[PDB]
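Data block below; observations after.
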Amino acid sequence: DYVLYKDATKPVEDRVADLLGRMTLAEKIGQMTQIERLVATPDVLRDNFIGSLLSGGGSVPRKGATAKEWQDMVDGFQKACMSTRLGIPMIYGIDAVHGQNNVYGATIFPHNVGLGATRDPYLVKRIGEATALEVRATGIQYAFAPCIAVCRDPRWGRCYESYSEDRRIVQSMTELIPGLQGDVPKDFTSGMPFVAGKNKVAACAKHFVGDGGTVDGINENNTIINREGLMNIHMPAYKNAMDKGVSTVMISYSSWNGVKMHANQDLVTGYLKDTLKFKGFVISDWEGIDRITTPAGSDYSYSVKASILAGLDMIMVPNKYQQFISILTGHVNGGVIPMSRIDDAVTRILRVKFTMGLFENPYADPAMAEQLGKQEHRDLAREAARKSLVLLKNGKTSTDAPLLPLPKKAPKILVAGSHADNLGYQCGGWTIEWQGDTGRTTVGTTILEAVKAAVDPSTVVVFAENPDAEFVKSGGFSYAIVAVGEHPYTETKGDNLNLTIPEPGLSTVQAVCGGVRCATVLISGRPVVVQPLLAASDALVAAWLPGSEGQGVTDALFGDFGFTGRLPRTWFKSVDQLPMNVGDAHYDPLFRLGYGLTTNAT
Ligand SMILES: *[C@@H]1O[C@H](CO)[C@@H](O[C@@H]2O[C@H](CO)[C@@H](O[C@@H]3O[C@H](CO[C@H]4O[C@H](CO)[C@@H](O)[C@H](O)[C@@H]4O[C@@H]4O[C@H](CO)[C@@H](O)[C@H](O)[C@H]4NC(C)=O)[C@@H](O)[C@H](O)[C@@H]3O)[C@H](O)[C@H]2NC(C)=O)[C@H](O[C@@H]2O[C@@H](C)[C@@H](O)[C@@H](O)[C@@H]2O)[C@H]1NC(C)=O
Ligand SMILES: *[C@@H]1O[C@H](CO)[C@@H](O[C@@H]2O[C@H](CO)[C@@H](O[C@@H]3O[C@H](CO)[C@@H](O)[C@H](O)[C@@H]3O)[C@H](O)[C@H]2NC(C)=O)[C@H](O)[C@H]1NC(C)=O
Ligand SMILES: *[C@@H]1O[C@H](CO)[C@@H](O[C@@H]2O[C@H](CO)[C@@H](O)[C@H](O)[C@H]2NC(C)=O)[C@H](O)[C@H]1NC(C)=O
Numbered sequence: 001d002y003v004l005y006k007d008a009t010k011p012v013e014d015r016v017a018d019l020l021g022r023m024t025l026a027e028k029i030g031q032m033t034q035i036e037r038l039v040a041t042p043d044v045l046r047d048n049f050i051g052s053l054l055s056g057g058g059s060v061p062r063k064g065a066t067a068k069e070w071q072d073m074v075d076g077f078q079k080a081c082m083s084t085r086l087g088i089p090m091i092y093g094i095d096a097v098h099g100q101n102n103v104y105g106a107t108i109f110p111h112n113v114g115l116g117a118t119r120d121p122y123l124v125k126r127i128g129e130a131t132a133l134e135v136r137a138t139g140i141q142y143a144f145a146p147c148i149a150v151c152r153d154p155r156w157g158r159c160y161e162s163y164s165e166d167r168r169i170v171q172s173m174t175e176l177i178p179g180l181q182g183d184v185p186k187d188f189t190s191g192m193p194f195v196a197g198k199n200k201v202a203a204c205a206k207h208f209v210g211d212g213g214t215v216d217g218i219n220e221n222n223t224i225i226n227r228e229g230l231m232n233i234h235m236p237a238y239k240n241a242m243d244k245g246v247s248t249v250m251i252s253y254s255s256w257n258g259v260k261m262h263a264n265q266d267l268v269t270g271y272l273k274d275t276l277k278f279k280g281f282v283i284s285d286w287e288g289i290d291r292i293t294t295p296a297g298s299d300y301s302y303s304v305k306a307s308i309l310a311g312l313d314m315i316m317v318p319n320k321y322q323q324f325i326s327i328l329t330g331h332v333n334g335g336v337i338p339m340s341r342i343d344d345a346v347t348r349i350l351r352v353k354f355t356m357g358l359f360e361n362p363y364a365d366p367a368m369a370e371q372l373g374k375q376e377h378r379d380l381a382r383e384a385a386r387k388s389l390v391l392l393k394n395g396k397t398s399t400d401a402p403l404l405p406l407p408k409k410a411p412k413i414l415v416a417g418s419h420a421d422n423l424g425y426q427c428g429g430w431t432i433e434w435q436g437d438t439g440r441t442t443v444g445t446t447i448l449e450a451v452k453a454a455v456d457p458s459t460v461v462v463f464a465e466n467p468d469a470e471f472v473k474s475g476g477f478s479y480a481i482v483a484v485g486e487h488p489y490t491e492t493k494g495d496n497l498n499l500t501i502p503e504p505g506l507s508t509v510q511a512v513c514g515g516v517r518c519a520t521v522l523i524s525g526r527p528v529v530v531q532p533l534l535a536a537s538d539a540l541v542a543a544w545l546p547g548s549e550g551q552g553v554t555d556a557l558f559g560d561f562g563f564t565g566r567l568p569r570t571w572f573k574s575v576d577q578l579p580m581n582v583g584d585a586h587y588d589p590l591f592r593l594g595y596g597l598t599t600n601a602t
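Following this line, the structure appears as structure tokens:
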């Protein structure tokens, strides 16, 4: 007879209920399973009724693969899923944290900390829109963004993924969600999931909760703070996410007062689900449940029980699905985990899938392939890059002539530094590779390239990665642009207790600036010991991790636009002051939050 759940003209809730009521335990648990593409097969996906696949950092079908290659890969996995008895389409997830960053040729936008410096939520919203198009351009329908952590200690390797240390700024930036998913209807209830259609993607608010408040900025560690602070600082943005209809929420590896988030039923079910009324699905982090126990995985059975009972709906296994599905099946077959729990998880997962139209459009649209790296997106990124720059110094003394804007016409100029012509360094972590990379890893424009594309044709441009003092003094230069900073990093490989950029960097700035007036471009995902760099430079700009569009940097250096960016974090005098945020009693910053010199277009 008639099959309600397959009827597109029927309400989401009715369809969910109809489909759920037909599912077997194996099919229900399968929906709760998310596996890495590396361990997926048509048989595996079909036989285990897999509900979702993801692509971890760097997990690509081929280096430099095209948009169609991605679409083909996703579709291949989908055909397998659509062939099951119920034909429930899978949702493919990926880390498009600043563009479809794993994908080659994809537009790379400035990382969040830089976006916070723009104080322009609408811009961030437009980036979310561009990002959705580029993610769908590769056939993917789910982005693990935005990260709305409120980084409170720069020593955190993931601080660049935090818009600001001030939650009011992080809140304003949740506009990325409607950009990615689309604007929610005027009626809309806070907490319901939403996705406009096949041209949008389901978003993810992560990492619930307090991931940006770990002691000493140690990643995945403990966040020691009263419930007032937890709710005053780390919780606010999630409510905005609820109001804007975020589709999913990922749990944090971090603990809150000794308790693992992946096991905290009070917050996940009690607060997020019951209090906040979140109706989308809650997903774990990469082996997040394994880490509930220490050693990690030392009691996977306990890990599955604790996390599921806590309230999580989908688990990012993401490799040993056999064990996950086996163990969870036993716990259910044994009464250790009630069917209501399983039925709730599946309800939430199916609600999200029906709502976003996955049952109507399970396959990729070949016509979206051109969206990947569309010039307009690059122009947008370029704009974001420029607007995220923060001018810290612009003249050695109160009476010096302002160095920036620099003249586009000069006899001979010098571009130098380890970050002057290194697209990978410029993009930072979460780009092509998980930990990011060095060199020309994708399609873009380096600072050196941008400079050459901006100057007058009569202007001779010379490049030196690390020239010595003499080379500069006898070079007959009019001025120099030196770029230096941190190297790409992600998560733990990024935690740093000394926060001083690697060498050569300072030496290059001192050697260059000693020979000719200079403008130092500091590439970093956070504030770093900067007094020595300021000492040597005539002008210095904090460019954060601008992304693939280097011209955004020169658009400001050469006066096409005036600097407008303002520090989205506190800039410390020394690491021993940390933690140290705006509003603290001992607040003695080198540059207070909100600081930013300005200039006007020529
Ligand atoms: C302040 O704390 C930080 C973090 O604790 C510390 O940096 C870390 O230092 C570790 C060792 O001291 C280092 O581990 C070794 O890494 C080697 C490879 O490292 C290169 O490649 C990775 C990416 O694969 C980059 O992240 C690294 O920055 C490094 O990159 C190369 O760096 C050189 C020097 O500038 C440059 O000429 C190359 O072009 C560049 N190439 C690349 C790939 O970009 C391994 O082979 C080895 O087995 C260890 O695992 C960490 O990687 C590093 N963390 C990061 C992200 O930088 C920092 O230490 C200072 O800086 C490092 C780079 C090194 O020069 C130290 O001697 C120096 O002291 C520390 N600073 C202070 C104040 O002590
Ligand atoms: C927060 O971070 C701290 C510091 O990284 C964590 O402490 C560390 O905990 C691990 C185990 O969880 C300790 O590992 C050692 O392992 C060997 C065997 O592998 C064992 O013989 C040692 O006795 C020890 O367990 C490590 O020593 C310890 N580091 C120190 C000195 O503090 C802490 O567990 C993290 N907590 C949270 C909330 O994540
Ligand atoms: C020169 O630059 C200043 C600094 O940005 C401009 O003033 C800002 O203008 C923005 C809007 O463009 C306002 O939101 C800010 O409040 C202003 N900042 C302050 C305190 O001045 C100024 O309009 C620019 N003038 C020209 C001719 O471009």
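Letter by letter, the sequence shown follows residues 1 to 602 in the entry's author numbering. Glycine included, every Cβ here is placed at the ideal spot set by N, Cα and C.
Inset, instruction - Please report how far the alpha carbon of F188 lies from the alpha carbon of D243, in whole angstroms. - result: Counted from its first residue, the sequence shown places residue 188 at position 188. Counted from its first residue, the sequence shown places residue 243 at position 243. Their Cα atoms are separated by approximately 8 Å.
Inset, instruction - Thinking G57 and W430 are a contact (beta carbons under 8 Å), I'd like their distance in whole angstroms, please. - result: In the sequence shown, counting from the first residue as 1, residue 57 sits at position 57. In the sequence shown, counting from the first residue as 1, residue 430 sits at position 430. Yes, they are in contact, since the Cβ atoms of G57 and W430 sit about 7 Å apart, within 8 Å.
Inset, instruction - Please classify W70: does DSSP put it in a helix, a strand, or coil? - result: Position 70 of the sequence shown, counted from the first residue, corresponds to residue 70. It is helical.
Legend entry - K320 (DSSP reduced to helix, strand or coil): For this step, residue 320 is matched to residue 320 along the sequence shown. In this structure, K320 counts as coil in the three-state DSSP scheme.
Legend entry - Residue burial classification, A26 (beta-carbon count within 10 angstroms, cutoff 16): Locating residue 26 in the sequence shown gives position 26, counting from the first residue. Exposed, because fewer than 16 other Cβ atoms sit within 10 Å of the Cβ of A26.
Inset, instruction - Consider the C-beta atom of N394 and the heavy atoms of ligand 3; say whether any pair is separated by less than 6 Å. - result: Translated into the one-based positions of the sequence shown, residue 394 becomes position 394. Checking every heavy atom of ligand 3 against the Cβ of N394, none is found closer than 6 Å.
Legend entry - Segments assigned alpha helix (DSSP H), at least 4 residues, entirely inside the stretch 144 to 192: 167 to 172 and 176 to 181
Inset, instruction - Would you mind sorting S252 into buried or exposed? The rule is 16 or more other CB atoms within 10 Å of its CB. - result: Start at 1 with the first residue of the sequence shown, and residue 252 comes out as number 252. Buried.
Legend entry - Minimum C-alpha distance to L423 - residue among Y92, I88 and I447: Looking up residue 423 in the sequence shown gives position 423. Out of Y92, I88 and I447, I447 has the C-alpha closest to the C-alpha of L423.
Legend entry - Distance cut-off 6 Å: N600 Cβ against heavy atoms of ligand 3: Sequence index remark: in the sequence shown, residue 600 carries index 600 (1-based). Answer for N600: yes, Cβ within range of ligand 3.
Inset, instruction - Using beta-carbon positions only, say whether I127 and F109 come within less than 7 Å of one another. - result: The residue given as residue 127 occupies position 127 in the sequence shown. The residue given as residue 109 occupies position 109 in the sequence shown. Yes, the Cβ-Cβ distance between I127 and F109 is below 7 Å.
Inset, instruction - Answer yes or no: the CB of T66 versus the heavy atoms of ligand 2, is any distance below 6 Å? - result: Within the sequence shown, numbered from 1, the residue matching residue 66 stands at position 66. Checking every heavy atom of ligand 2 against the Cβ of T66, none is found closer than 6 Å.
Inset, instruction - Tell me whether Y587 is buried or exposed, calling it buried when 16 or more other Cβ atoms sit within 10 Å of its Cβ. - result: Stepping through the sequence shown from its first residue, residue 587 is reached at position 587. Burial call: exposed.
Legend entry - Host alpha helix (DSSP H) of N264 (start-end): For this step, residue 264 is matched to residue 264 along the sequence shown. Careful: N264 lies outside any alpha helix (DSSP H) and carries neither H nor E.
Inset, instruction - Give a single yes or no on whether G596 has its beta carbon closer than 6 Å to a heavy atom of ligand 3. - result: Reading the sequence shown from its first residue, position 596 is the one you call residue 596. Checking the Cβ of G596 against ligand 3 gives no.
Legend entry - Assigned exposure category for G439 - 16 Cβ within 10 Å defines buried: Sequence index remark: in the sequence shown, residue 439 carries index 439 (1-based). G439 comes out exposed.
Legend entry - Identity of the residue in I413, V249, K393 and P366 nearest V135 by Cα: By one-based count along the sequence shown, residue 135 stands at place 135. Ranking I413, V249, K393 and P366 by Cα distance to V135 puts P366 first.
Legend entry - Among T214, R46, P185 and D285, the one whose alpha carbon lies nearest that of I233: Counting from 1 along the sequence shown, the entry for residue 233 is found at position 233. Among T214, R46, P185 and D285, the Cα nearest to that of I233 belongs to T214.
Inset, instruction - Report the three-state DSSP secondary structure of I283 (helix, strand or coil). - result: In the sequence shown, the residue the question calls residue 283 occupies position 283. Note: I283 maps to strand in three-state DSSP.
Inset, instruction - Please confirm whether any heavy atom of ligand 1 lies closer than 6 Å to the CB of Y489. - result: Taking the sequence shown and counting its residues from 1, the one referred to as residue 489 is at position 489. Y489 Cβ: within cutoff of ligand 1.
Inset, instruction - Check whether the Cβ atoms of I50 and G76 sit closer than 7 Å, and answer yes or no. - result: By 1-based counting over the sequence shown, the position of residue 50 is 50. By 1-based counting over the sequence shown, the position of residue 76 is 76. For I50 and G76, no; Cβs fall outside 7 Å.
Inset, instruction - Answer yes or no: the CB of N498 versus the heavy atoms of ligand 4, is any distance below 6 Å? - result: As presented, the structure is devoid of ligand 4, carrying ligand 1, ligand 2 and ligand 3 as its sole ligands.
Inset, instruction - Spell out a yes or no on whether the stretch 386 to 397 and the stretch 449 to 463 are touching, meaning 3 or more CB-CB pairs, one atom from each, closer than 8 Å. - result: no
Inset, instruction - Would you please state the rounded distance, in angstroms, between the beta carbons of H262 and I289? I believe it to be under 8 Å. - result: As a working note, residue 262 is residue 262 in the sequence shown. As a working note, residue 289 is residue 289 in the sequence shown. Indeed they touch by this definition, with Cβ atoms about 5 Å apart.
Inset, instruction - Please say whether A483 and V443 have beta carbons closer to each other than 7 Å? - result: Here residue 443 corresponds to residue number 443 of the sequence shown, with the count starting at 1. Here residue 483 corresponds to residue number 483 of the sequence shown, with the count starting at 1. Cβ atoms of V443 and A483: not closer than 7 Å.
Legend entry - Residue nearest to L180 in terms of C-alpha spacing, selected from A196, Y238, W70 and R167: Locating residue 180 in the sequence shown gives position 180, where the first residue counts as 1. Measuring from the Cα of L180, the nearest candidate turns out to be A196.
Inset, instruction - Can you have a look at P185 and say buried or exposed, based on whether 16 or more other CB atoms are within 10 angstroms of its CB? - result: Sequence index remark: in the sequence shown, residue 185 carries index 185 (1-based). Its Cβ having fewer than 16 others within 10 Å, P185 is exposed.
Inset, instruction - Assuming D538 contacts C513 (C-beta within less than 8 Å), just tell me the rounded distance between them. - result: As a first step, residue 538 must be located in the sequence shown, where it is residue number 538. As a first step, residue 513 must be located in the sequence shown, where it is residue number 513. Indeed, because the Cβ distance is near 7 Å, the residues count as touching under 8 Å.
Inset, instruction - Reducing DSSP to helix, strand and coil, say where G485 ends up. - result: Your numbering for residue 485 matches position 485 in the sequence shown. Correct three-state label for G485: strand.
Legend entry - Runs of alpha helix (DSSP H) lying entirely within the stretch 33 to 99, each at least 4 residues, in chain order: 42 to 47 and 67 to 82
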